[PDB]
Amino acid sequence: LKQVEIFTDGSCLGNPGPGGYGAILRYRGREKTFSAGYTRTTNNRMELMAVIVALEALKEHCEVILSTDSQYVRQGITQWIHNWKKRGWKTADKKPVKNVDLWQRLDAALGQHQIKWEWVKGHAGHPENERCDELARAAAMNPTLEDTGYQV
C-alpha cells in the first residue's frame, strides 16, 4: 500500500467568519499542498475540513500517518464518533450532532485507509503543521468558497 504522511490545520481570522485550511500530503519525499478559504465558517469546522480534504485527496487505499493539533478532531475521533454512530448521529436531546455533515464526511474517509493519528501539541518542532497554519490564514484572507453545511 502506498504510505503517505499528512499534516493539516485550519482556522478563522475571526470566529465565526472568513476561514481556511492548509494540508500537506507527502509521499516518497514529494509533497502536494491543499488550501482553500471559506467566506463564513468556524475554527472547529476548518480544523475538521482540513483533515477531510486531505483524506479525500487520496485516490487509492493508503497507510496514512496524519498529524493534526486539533483538540476538536482528536476528541471526535478518539471519544465521540463511535457513540454518535450508535445513536444515529444525534445527541441525548435527539438533535443532530453539531457539524454532523463534516463528521459523516470524515467518517467515510477514515474507513478507506489505515490511519495512524499523531496528535500534535504546539507548532514548536512541527514545521509542517506551522506551514499548514500559514496556508490556512492566507486562504482566509481571500476566501472563494461557501461553507454550505455551516449553521449558526
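Numbering starts at 1 and runs along the sequence shown.
36 to 44 or 57 to 65, whichever carries the higher mean Cα B-factor = The recorded data point to 57 to 65.
Should the higher mean CA B-factor in the entry be assigned to 140 to 148 or to 8 to 16?
-> Higher mean C-alpha B-factor in the PDB entry: 140 to 148.
Reading the B-factor column of the entry, which of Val120, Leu102, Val97, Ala50 has the highest value at its C-alpha atom?
-> Of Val120, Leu102, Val97, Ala50, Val120 has the highest C-alpha B-factor.
Divide the modelled residues of the chain into thirds by Cα B-factor and specify which third, lowest, middle or highest, holds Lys85.
-> Its C-alpha B-factor belongs to the middle third of this chain's values.
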